[PDB]
Asks: 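My questions will all concern the structure given below.
Counting convention: from 1, in listed order, for ligands and their atoms alike. Side chains included, hydrogens not; waters and symmetry mates left out as well; all remaining heavy atoms used. In what follows, residues are counted from 1 in the order of the sequence shown.
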Amino acid sequence: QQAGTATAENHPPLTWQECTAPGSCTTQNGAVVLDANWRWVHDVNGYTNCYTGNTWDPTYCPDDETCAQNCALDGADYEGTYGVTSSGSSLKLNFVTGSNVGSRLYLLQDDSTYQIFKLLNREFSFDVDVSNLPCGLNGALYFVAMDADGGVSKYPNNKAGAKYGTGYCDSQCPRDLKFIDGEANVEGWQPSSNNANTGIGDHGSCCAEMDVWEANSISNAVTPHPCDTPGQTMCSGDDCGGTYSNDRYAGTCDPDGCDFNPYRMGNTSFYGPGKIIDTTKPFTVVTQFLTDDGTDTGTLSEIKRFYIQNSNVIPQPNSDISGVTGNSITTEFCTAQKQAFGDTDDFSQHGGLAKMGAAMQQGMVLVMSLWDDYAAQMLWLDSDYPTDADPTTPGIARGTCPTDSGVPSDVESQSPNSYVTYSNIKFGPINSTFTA
Ligand SMILES: *[C@@H]1O[C@H](CO)[C@@H](O[C@@H]2O[C@H](CO)[C@@H](O[C@@H]3O[C@H](CO)[C@@H](O)[C@H](O[C@H]4O[C@H](CO)[C@@H](O)[C@H](O)[C@@H]4O)[C@@H]3O)[C@H](O)[C@H]2NC(C)=O)[C@H](O)[C@H]1NC(C)=O
Ligand SMILES: *[C@@H]1O[C@H](CO)[C@@H](O[C@@H]2O[C@H](CO)[C@@H](O)[C@H](O)[C@H]2NC(C)=O)[C@H](O)[C@H]1NC(C)=O
């Protein structure tokens, strides 16, 4: 895709901190950029639509290559069009703004380069306000093994780059992306039956995904998802797997992950409104990526979680599922959890924590987003899922929401002023971001 010119692009600033020891942090002057797939796609010459609703113009885009030559990703009016604002260390994402729904943003090192985090033997902390996230919404903060440059050095017809939010990938091998690897996705494009603004093409973009935080005011989950190739790779057709292919398990990435959602793990009193972590008020989320020998070059062995609210440091609760022990993500936990819930162990099939850690070694990009779910209504996060199962069976109940909740047309109509706010990002050695 070309770099658009109809609307100017300026990346909202966002500070964050690097910490060297507890209480000892310094400030980085970061910025964020909107993902390419939210942008208007305009023909380079006339400023008319290359893509309208969910179909492509056949003169500008007769095939994938020609489309990428003829079409540009426009700049973004962050506040006015997308409901994205920042101030200091805080980033606020609004849900509905005009015809726009949600957003996905990446943290930048500079105007052409995503900030790469090396998570092994490190800790990442952030503050969040989920108080205005109801059933069906997901304020997600997570890492994916994207290329720092957004693909530009590999794909000459990607002239837009990280400056325009190119290069996304995740463990669903998303095929909804209009441009992947310097090519459009018009060949094979199929408009979404239930979304006027989206579709699915033949190409998908796969990479490992560390879902630090997927949450609303009802439930949260922390979930690593390994892929056979850790970094970004293109797939084609239904062999992509992931949510929107015919068979979600047909591909090279684990679409389910090894998840810890305290409600799903049998403690419903831990997280939610007025609960031990009270989602009506902001709180701090700390995540540690421990290695087997405690060094930077060890193998990822354990992912731990702490929360801080009203200055109280609160560990993740223990699993209360028979067969599944502890409060952290380890190989033993993951094997046991899949067995207890009767879920296919795709995590182990795609290399588990060893392959997740290999992706961490490659370096990962920080994503902050807000979305609703046109496949499964976020029921997997906050309801009883699958909806036909007995909610008392282990693994089924994930939150309090009814199974008819989270339909996009309902939540976009009823909760347009919902938002998520992320703030006070801190990153450094284990124990450096909080009072351990
Ligand atoms: C859902 O998960 C939460 C979070 O883990 C869990 O709450 C925790 O419950 C335990 C048990 O009630 C609490 O631990 C006790 O806390 C009190 C007060 O601080 C202490 O006096 C206790 O100390 C004694 O017992 C310890 C062993 O448990 C001994 O090591 C010690 O020497 C003392 O004899 C004890 O630590 C804990 O404080 C809460 N945590 C929070 C943050 O509220 C809850 O039980 C889970 N709910 C369900 C339904 O499963
Ligand atoms: C990070 O801090 C934690 C908590 O203080 C350290 O773990 C404690 O370590 C001692 C052993 O040295 C144990 O007796 C405690 O039970 C641990 N507590 C918990 C909650 O795990 C940990 O060692 C520190 N990590 C590093 C690398 O310094």
Asks: For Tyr142 and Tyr168, take the angle between the two ring planes, folded into 0 to 90°, and tell me which bin it lands in: parallel under 30, tilted 30 to 60, perpendicular over 60.
Replies: perpendicular
Asks: If you measure only the distance, is there a donor-acceptor pair under 3.5 Å linking the side chains of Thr113 and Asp110?
Replies: yes
Asks: Give, for atom OG of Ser383 and atom CD of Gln377, the distance between the pair rounded to the nearest 0.5 Å.
Replies: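 So the gap between those two atoms works out to 9.0 Å.
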Asks: Near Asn267, which atoms of ligand 1 are under 4.0 Å from a heavy atom of that residue?
Replies: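 The atoms of ligand 1 under 4.0 Å from a heavy atom of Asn267 are 1 (C), 2 (O), 3 (C), 44 (C), 46 (C), 47 (N), 48 (C), 50 (O).
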Asks: Protein heavy-atom contact under 4.0 Å for atom 5 (O) of ligand 1?
Replies: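 Answer yes: something from the protein, a heavy atom, is under 4.0 Å.
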Asks: Would you say the SG of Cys253 sits under 2.5 Å from the SG of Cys227?
Replies: yes
Asks: Quick one: look up the protein heavy atom nearest atom 43 (O) of ligand 1 and list residue, atom name and how far away it is.
Replies: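 In this structure, atom 43 (O) of ligand 1 has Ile276 CD1, 3.8 Å as its nearest protein heavy atom.
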Asks: Which atoms of ligand 1 have any heavy atom of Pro317 under 4.0 Å away?
Replies: 2 (O), 5 (O)
Asks: For the pair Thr335 (side chain) and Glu332 (backbone), establish whether a donor and an acceptor sit closer than 3.5 Å, ignoring hydrogens and angles.
Replies: no
Asks: Is atom 15 (C) of ligand 1 less than 4.0 angstrom from at least one protein heavy atom?
Replies: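 Flag for atom 15 (C) of ligand 1 set to false, no protein heavy atom closer than 4.0 Å.
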Asks: Starting from atom 27 (C) of ligand 2, find the nearest protein heavy-atom neighbour and note its residue, name and distance.
Replies: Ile430 CG2, 4.2 Å
Asks: Answer side chain, backbone, both or neither: which part of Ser269 comes under 4.0 Å from ligand 1, heavy atoms only.
Replies: side chain
Asks: Between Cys173 and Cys235, is the SG-SG gap under 2.5 Å?
Replies: no
Asks: Is atom 21 (O) of ligand 2 near the protein, in the sense that some protein heavy atom lies at less than 4.0 Å from it?
Replies: no
Asks: Among all protein heavy atoms, pick out the one at the shortest distance from atom 4 (C) of ligand 2; state its residue, atom name and that distance to 0.1 Å.
Replies: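 Answer, as residue, atom name and distance: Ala436 CB, 4.1 Å.
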Asks: Which residue is it: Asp343, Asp256, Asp346? I am looking for the one with a salt bridge (charged side-chain N to carboxylate O under 4.0 Å, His left out) to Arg248.
Replies: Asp256
Asks: Would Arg104 and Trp38 satisfy side chain to side chain contact (heavy atoms under 4.5 Å, CB included), going step by step from the backbone distance to the final call?
Replies: CA-CA 8 Å; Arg104 179 165 69 228; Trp38 266 256; 3.6 Å; yes
Asks: Return a yes/no value: protein heavy atom under 4.0 Å from atom 9 (O) of ligand 2?
Replies: no
Asks: Among all the protein's non-hydrogen atoms, which is closest to atom 24 (C) of ligand 2, and how far away is it?
Replies: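 Here the nearest protein heavy atom works out to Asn431 ND2, 2.4 Å.
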Asks: Under 4.0 Å from atom 45 (O) of ligand 1, is there any protein heavy atom?
Replies: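 No, there is none.
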Asks: With a 4.0 Å cut-off, strictly under, does atom 37 (C) of ligand 1 pick up any protein heavy atom?
Replies: no
Asks: Side chain to side chain contact (heavy atoms under 4.5 Å, CB included), that's the test. Do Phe179 and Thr166 meet it? Break it down for me.
Replies: CA-CA 8 Å; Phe179 295 91; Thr166 64; over 6 Å; no
Asks: My question is simple, although I want it checked carefully: is atom 1 (C) of ligand 2 less than 4.0 angstrom from any protein heavy atom?
Replies: yes
Asks: Can you sort out which atoms of ligand 1 are near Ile314, meaning under 4.0 Å from one of its heavy atoms?
Replies: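 The list of qualifying atoms is 42 (C).
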Asks: Protein non-hydrogen atoms only, distance under 4.0 Å: does atom 50 (O) of ligand 1 have such a neighbour?
Replies: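 Yes, there is a protein heavy atom closer to it than 4.0 Å.
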Asks: Establish whether atom 13 (C) of ligand 2 and some protein heavy atom are separated by less than 4.0 angstrom.
Replies: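 Protein heavy atoms within 4.0 Å of atom 13 (C) of ligand 2 - there are none.
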Asks: Taking the two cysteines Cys25 and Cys19, do their sulfur (SG) atoms come closer than 2.5 angstrom to each other?
Replies: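 Yes - the two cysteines, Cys19 and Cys25, have SG atoms within less than 2.5 Å of each other.
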Asks: Do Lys426 and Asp127 meet the salt-bridge criterion of a basic N to acidic O distance under 4.0 Å?
Replies: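 The answer is no: the pair does not qualify as a salt bridge.
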Asks: Determine if the distance from atom 30 (O) of ligand 1 to the closest protein heavy atom is below 4.0 Å.
Replies: no
